[PDB]
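>>> below: the sequence, then the experimentally determined structure.
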Amino acid sequence: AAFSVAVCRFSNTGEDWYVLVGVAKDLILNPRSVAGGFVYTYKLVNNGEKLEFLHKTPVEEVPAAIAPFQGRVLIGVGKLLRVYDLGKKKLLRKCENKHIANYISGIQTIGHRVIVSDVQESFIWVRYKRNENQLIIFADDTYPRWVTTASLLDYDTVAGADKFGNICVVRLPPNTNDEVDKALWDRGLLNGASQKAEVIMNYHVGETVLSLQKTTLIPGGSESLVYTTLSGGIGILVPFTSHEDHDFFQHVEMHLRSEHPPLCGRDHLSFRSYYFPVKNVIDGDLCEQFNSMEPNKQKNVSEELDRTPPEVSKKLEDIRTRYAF
Amino acid sequence: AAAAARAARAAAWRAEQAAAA
Amino acid sequence: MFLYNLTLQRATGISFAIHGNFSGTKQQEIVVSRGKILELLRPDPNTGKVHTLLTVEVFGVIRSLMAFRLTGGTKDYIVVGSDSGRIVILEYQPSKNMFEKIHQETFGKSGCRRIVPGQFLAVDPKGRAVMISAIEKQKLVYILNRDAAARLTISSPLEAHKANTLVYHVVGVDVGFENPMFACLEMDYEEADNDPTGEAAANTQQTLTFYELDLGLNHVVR
Amino acid sequence: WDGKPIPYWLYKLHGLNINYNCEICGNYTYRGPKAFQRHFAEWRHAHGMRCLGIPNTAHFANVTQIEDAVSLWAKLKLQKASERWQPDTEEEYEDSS
Amino acid sequence: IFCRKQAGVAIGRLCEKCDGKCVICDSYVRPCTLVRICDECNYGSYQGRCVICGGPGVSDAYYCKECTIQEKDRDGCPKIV
Amino acid sequence: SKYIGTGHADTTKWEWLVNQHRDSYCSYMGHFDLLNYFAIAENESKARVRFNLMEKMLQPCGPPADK
Amino acid sequence: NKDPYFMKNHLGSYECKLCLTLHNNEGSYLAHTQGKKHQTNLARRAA
Amino acid sequence: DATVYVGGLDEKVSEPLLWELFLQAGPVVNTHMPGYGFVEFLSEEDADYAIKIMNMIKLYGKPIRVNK
Amino acid sequence: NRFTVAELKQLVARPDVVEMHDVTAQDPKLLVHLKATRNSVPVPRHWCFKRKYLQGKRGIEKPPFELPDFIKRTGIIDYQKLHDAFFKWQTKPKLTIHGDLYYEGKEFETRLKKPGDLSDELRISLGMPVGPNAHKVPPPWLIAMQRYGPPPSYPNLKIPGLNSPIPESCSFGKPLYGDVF
Amino acid sequence: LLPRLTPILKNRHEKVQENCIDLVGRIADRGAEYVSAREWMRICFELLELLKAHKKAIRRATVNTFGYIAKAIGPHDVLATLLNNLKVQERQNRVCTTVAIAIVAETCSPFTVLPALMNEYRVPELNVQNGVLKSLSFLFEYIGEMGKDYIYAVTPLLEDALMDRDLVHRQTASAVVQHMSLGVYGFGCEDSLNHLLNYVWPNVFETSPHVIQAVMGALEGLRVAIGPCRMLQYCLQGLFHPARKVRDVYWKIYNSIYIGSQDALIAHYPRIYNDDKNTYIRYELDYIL
RNA sequence: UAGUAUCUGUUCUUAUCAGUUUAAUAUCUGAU
RNA sequence: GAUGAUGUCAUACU
Ligand SMILES: *C[C@]1(O)C[C@@](C)(OC)O[C@H](/C=C/C(C)=C/C[C@@H]2O[C@H](C)[C@H](NC(=O)/C=C\[C@H](C)OC(C)=O)C[C@@H]2C)[C@H]1O
Ligand SMILES: [Zn+2]
Ligand SMILES: [Zn+2]
Ligand SMILES: [Zn+2]
Ligand SMILES: [Zn+2]
Ligand SMILES: [Zn+2]
């Protein structure tokens, strides 16, 4: 059963693109009892048009996350984070860390930092040094999140999803010493690393997100975080470029929470604060119901904003058109 | 005392409210 | 860092689907639940196509969906059981192309809880009464009638509760013009909770339960 | 009981009627539970752990027996050597294609 | 001290002494959601009476904004017995 | 106290986790996308998944312990 | 008084640092001074 | 001994002052003011280096006799 | 039926969090497993005390109240100054992580505490003037840090005379995504 | 016109009271130019007592009119009078004064009230500090969402009060924390409330009923504002603590969290491993596509 | 009015086990 | 460095 796939180059090998496929062997889901694991390697011959079976490296757990890393590859074998290098007949385990809590489901990489997603715990930051071959965990986040997938925004900020239908965005605080290095005397803050990652965004979509990407759908616009959901929906998250636009859309969302309640009687604020509270987002699914609301209610909402309902609709369309549609 | 400067404080508050608006 | 959420394409999977005269005309329409989005669709009898008349983001998990028609009426209302803890009766207005909250009865806390109802929903085929029900312990019956102005009146909820009981599926019974009867599949897990041998789980058989509701006597009898 | 005799309610309140024996401290007897948990970071238990070749971390608090202390040290050193990544990497142990 | 039965269609009321008060937390700040009470507490001679004292009701009883935020409006009939 | 799933100072591990598992199963059957996820993992219909979770509601953690 | 043990805290009461005690007024502190605790604490501080 | 006892330091020298004085040789994990003082560092070699370094530090005429 | 604390430390995989009383619970294995859960902040210590968690904080006098510096800069008649204090100089105070509770000696503990340079009052108490000199502004402990090499606990700090030049020692030694503007 | 209206405020009939208060309020709203500050202070002094009326219409009119006067005139003098009243009353109308301070904060800007209010807090008479704390509690409950820009500003005082020796301070500070957390719910103040949660939590073993009641109310407000996951994280160690008292307290808190947040806790329960007899792993949540 | 808090006073063999209970003491019940 | 428990005290706040 294939569960992970990646394409990468290597330092010991030339410009060949290697396809590494992680496969669980005879995995029974309920109850969980895996009989081992394999990582197939293919050389991707005939210019990206054919796979040739080169070798198959057996591993003990499910290699659930494969990611290229500085000319080598990172494989998450259960709770083990292994820096592998490509060998002749097998894959050579060059480094290993085993302070991951339960089970690795995703590995991200930007610069030297490696962001690892646990099946139940949050993102774990690993500082890898090319010297001494060490995977040093230096940060984590203090929430149990059943993370489906993750994404990278810059060197310090990581977005991610949940198995329950949430999207969180966490960020390392400034002036964290990334050059950390006995283990018996030294202890973390709470059963983890000595440094913790603060959450700067949390938002319940209501439908489980399995893919996030920081892209730009239309040319000439600006970058935005696109998510796709298991119920068939595609949404986006748009950063606010000014304080006044954020204040205006905050007031619009506050007015549409009260004067336009949701149809099922659910509180919109409590729906967006389902598992974790809403933070630093404005739900434009409710704000785009301003145009479908009654016109007397439209001017009744818009009179506190000191704007005409055409002007509110113009700002609502401008935040949708100045970013991706 | 404060009673002599009460009108000045009220005028300063009105000026601040005019400048804030 | 402050963000703004948008939906480029709404959810397209269908959890529940019911049919009826929601527009009040002779043609039949489909109400589908896309999870947190309720949609009204019109299957065209001539070209055979499907037109999505209305999409409304309800901002909550629609755990059940069933339509009922009153006796002699020509319009179908939508009974929505959600994670809000409230039972919501809606009517489609074709003039304004929106759903009007005809009734919103609050009975429990919000969320997909084990005993707050909303998961299971049943109607009487004559439209006299509906029964919302949870997985466990808790069934509520709302008797529905009309005033002289042809509106909808919902009664106070009649408790048909039974502790330590799992509900598999509830549905109404077409008894005719007699007392409205609701059919449940039930499991009695109390004997298997206190049996460490595990033999009780191997012998806990299901029960088909007929709850009769006497409208004049205004109570629910097993 | 320091200098003048302490009051008997002070004797019963501190717990000095209950005595705990530590084999690592040379079968030392400590009166009162608060002093008993106080001695584990003190110099006597540190020297007793030095005589046993045990670094006396917080894992060995509330440990009195010698055999229990060395069994805990063996298990802790085993799981610490397992958790630490010793340089046991493989570098082409099957030199063929 | 609370009835806590399953509320129905009956609307809770307040007397002239407690007009505007929240029946759960006693706060006078920001009423939010209309109070519903059980049918037994509104049956017969009890209709329209104050949900705190049982005296004559002159206004509709409300849960405060803080109580509805904490979903303290979903706990049952708040008539004090 | 009358709400099923709450506890007290004498709550046993078995009862607490049985409550957790039953709450979780009801939550899966409520949250459409959780059940969707579970129905994609195995190759079973949603109705079959609902049936399996309902059969698991009787004894989700197995028989209890003595004393 | 002029003793260093008597002080006025941040809470309006009076506190004796020698005995680690709180007193509502001056009379309670002077009754505490004649008590066994203050005499024994002064005898401990006498050495 | 990972904690070094510094004798010869009077009570006029503050515990944050002692922590800052021993902070240059290494990060003081813990401090205690008993007359004398105690400073526990992260590593024993760091404590030995601090004891060898600050022994000649006659702060206001008071040497910091730091011993393991 | 109850096993010893050493036996409980042997059976569980986390013997660090086992205390003396943890064997007396109804389920000790579940207790130590829940104490081994990651982000669970410790239970307050005064469950085992007998002094109601703050009745011992009596003799240590404290300042009555400290003010934040932006409000204190207003001299607390111009309300625009107060608007600037609450909206242009309102710095965030030093908060805490969720795993850091409070106890009796937390206020008087000074773990919050810059290697290679002591304070001005610390240098005055050490008989050292404050300045950019390399003859007296380094401490006398830095003389051994030149003679015996740099300390291993501060590898990024360059000692003057050992790892830093004498005239160069003036103190005796990615863009964010989604931000506004 | 207005000095003629001044003696009519002491009339006992509710209709005259309501109408005259509304008239004075509209005068203060759009025509306060032609009236000196001293007459408005006299009106405020007469108006303060009418905040505790039984009829909600007069209280609402009184709130509106006091707000209009506070908006019209400067904050400083009326605030000084109110703080003076706060210190010299120690009686039932102190809460009246408290309501008036909150009205000033909601109608005018709160940065005109918090500096002077907190500088008066440094006096060591204690009863004045309890008054400041009660004023802050009602102020935050009354202004609601507007308090989101003032959490940091009052965080040090709350740190001081939550660790003070006096237990009345702890109870009122917990009330401030509850009203704060419920007022800023969903506006990103999680870290400041987490910090204040670390000072609110150790008081869960307090025996006084009004205090442990205020602590549980603060915990419920914090469950709403920070989320049930953090509260559950604080809860899990003592749920099976050896001490029965600890188990009673922590199971009470768990019951409150569970009743308020039953469906959310599914995502927040810790991983409990299987044993030799029972299955405790929720395997479905361990599925990875 | 009757509730809480703070001072003063008292606070129970440096003689041994078992049982109830307690997180452990303490308390209570029997034997030496 | 471990200050608890009780009443005839006496003194303060609700
Ligand atoms: C049901 C009752 O409990 C019965 C009874 C006899 O109880 C003793 O009387 C209660 C009434 C109590 C009243 C009216 C107390 C007066 C209070 O005054 C303080 C100052 C508070 N005032 C406000 O909060 C005022 C205005 C607020 C901001 O705005 C509005 C619109 O309310 C609270 C009390 C009113 C009765 O409840
Ligand atoms: Zn010992
Ligand atoms: Zn009732
Ligand atoms: Zn009443
Ligand atoms: Zn309320
Ligand atoms: Zn004294």
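On my side now, so go ahead. Residues are numbered from 1 along each chain as shown, chains lettered A, B, ... in the order given. Ligands and ions are numbered 1, 2, ... in the order given.

>>> leaving out chain neighbours, which residue sits closest to residue A:176?
Distance criterion Cβ to Cβ, 6 or more residues apart in numbering or on different chains; nearest residue to residue A:176, sequence neighbours excluded, is residue A:195 at 5.0 Å. Using the backbone N, CA and C atoms, a C-beta is placed for each residue, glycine as well.

>>> hey, what's the one you found bridged with?
Counting by DSSP bridges, residue A:195 forms beta bridges with residue A:139.

>>> for residue C:18, same thing?
residue C:31.

>>> that one contacts residue C:65, doesn't it?
Yes: contact criterion Cβ atoms under 8 Å: residue C:18 and residue C:65 qualify, at 5.8 Å.

>>> for the closest residue to ligand 5 within chain D, give me its contacts.
Proximity of chain D to ligand 5 (Cβ to the ion) peaks at residue D:13, 44.6 Å away. Residue D:13 sits next to residue I:50 when contact means Cβ atoms under 8 Å, 6 or more residues apart in numbering or on different chains.

>>> give the buried residues for whichever strand or helix holds residue A:56.
Using DSSP states H and E, residue A:56 sits within strand A:53-58. Buried residues in strand A:53-58, counted by 16 or more other Cβ atoms under 10 Å in any protein chain shown: A:54, A:57.

>>> run the angle between whichever helix or strand comes after it and strand A:53-58 for me.
Using DSSP H and E, the helix or strand that follows strand A:53-58 in sequence is strand A:63-69. Interaxial angle of strand A:63-69 relative to strand A:53-58 (axes from the mean of the first three to the mean of the last three Cα atoms, to 10 degrees): 120 degrees.

>>> strand A:63-69 near chain D at all?
No: remark: strand A:63-69 sits outside contact range of chain D, by Cβ under 8 Å from any Cβ of the partner chain, the gap being at least 15.4 Å.

>>> elements contacting that strand?
On a contact count with 3 or more Cβ pairs under 8 Å, 6 or more residues apart in numbering or on different chains; DSSP states H and E, strand A:63-69 meets strand A:2-8, strand A:18-23, strand A:38-42, strand A:72-77, strand A:104-110, strand A:113-118.

>>> save those strands as a markdown table, and put in distance to chain F and mean neighbour count too.
Output for the helices and strands packed on strand A:63-69, formatted as a markdown table (distance: least, Cβ to the nearest Cβ, whole Å; neighbours: other Cβ atoms under 10 Å in any protein chain shown):
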| stretch | distance to chain F | mean neighbour count |
| --- | --- | --- |
| strand A:2-8 | 11 | 16 |
| strand A:18-23 | 16 | 20 |
| strand A:38-42 | 20 | 19 |
| strand A:72-77 | 18 | 25 |
| strand A:104-110 | 13 | 22 |
| strand A:113-118 | 16 | 24 |
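
>>> of all these, which lies closest to residue F:61?
strand A:113-118 (23.7 Å; Cβ to Cβ).

>>> what's downstream of that closest one, the next helix or strand?
That would be, after strand A:113-118 and using DSSP H and E, strand A:123-129.

>>> please identify the buried residues of that following strand?
Residues of strand A:123-129 classed as buried by neighbour count (16+ other Cβ under 10 Å): A:123, A:124, A:125, A:126, A:127, A:128.

>>> and the second one, how far is that from residue A:232?
Right, residue A:124. To residue A:232, residue A:124 is 31 Å away according to Cβ to Cβ, to the nearest Å.

>>> the last one too?
Distance, residue A:128 to residue A:232, by Cβ to Cβ: 38 Å.

>>> picking that back up, just send the helices and strands packed on strand A:63-69 back as TSV, with distance to ligand 4 too.
Putting those into TSV (distance: least, Cβ to the ion, whole Å) gives the following:
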stretch	distance to ligand 4
strand A:2-8	65
strand A:18-23	69
strand A:38-42	74
strand A:72-77	64
strand A:104-110	58
strand A:113-118	55
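
>>> who wins for proximity to residue H:17 among those?
strand A:113-118 (37.7 Å).

>>> span of stretch D:86-97 from start to end?
For stretch D:86-97, the first-to-last residue distance is 28 Å (Cα to Cα, to the nearest Å).

>>> quick one: is the helix or strand harbouring residue F:48 near chain C?
For residue F:48, the host element (DSSP H and E) is helix F:46-56. Yes: judged by Cβ under 8 Å from any Cβ, helix F:46-56 comes into contact with chain C at residue F:54.

>>> what sits up against that helix?
By Cβ under 8 Å, 6+ apart, the residues outside helix F:46-56 that reach it are C:166, C:168, C:187, F:21, F:25, F:28-29, F:35-36, F:38-39, F:42, F:44.

>>> ok, longest helix in the chain?
No chain specified, so I'll use chain A. Using DSSP state H, we find that the single longest helix of chain A is helix A:243-258.

>>> um, chain G though
In chain G, taking DSSP H as the definition, the longest helix is helix G:36-46.

>>> check which residues of that helix are buried.
By 16+ other Cβ under 10 Å, the buried positions in helix G:36-46 come out as G:38, G:41.

>>> swap in stretch F:54-62?
Going by neighbour count (16+ other Cβ under 10 Å), the buried part of stretch F:54-62 is F:54, F:57, F:58, F:59, F:60, F:61, F:62.

>>> so how far is that stretch from its chain's centroid?
Between the centre of stretch F:54-62 and the centre of its chain there are 7 Å (Cα atoms, centre = their mean, to the nearest Å).

>>> ok, now stretch I:131-139?
That offset, for stretch I:131-139, works out to 28 Å (Cα atoms, centre = their mean).

>>> is that stretch up against chain H anywhere?
Yes: using Cβ under 8 Å from any Cβ, a contact is recorded between stretch I:131-139 and chain H, made by residue I:139.

>>> follow-up on the earlier one: and which of the buried residues of strand A:123-129 is nearest chain B?
The shortest gap between chain B and any of the buried residues of strand A:123-129 belongs to residue A:123, at 43.5 Å (Cβ to the nearest Cβ).

>>> quick one, what contacts the closest one?
Residue A:123 is in contact with A:115, A:116, A:117, A:140, A:141, A:147, A:150, A:158, A:160, A:170, A:197, counting by Cβ under 8 Å, 6+ apart.

>>> tell me which element the residue in the stretch 151-289 of chain J positioned nearest to ligand 3 is part of?
Nearest residue of the stretch 151-289 of chain J to ligand 3: residue J:259, at 19.3 Å (Cβ to the ion). Per DSSP H and E, residue J:259 falls inside helix J:244-260.
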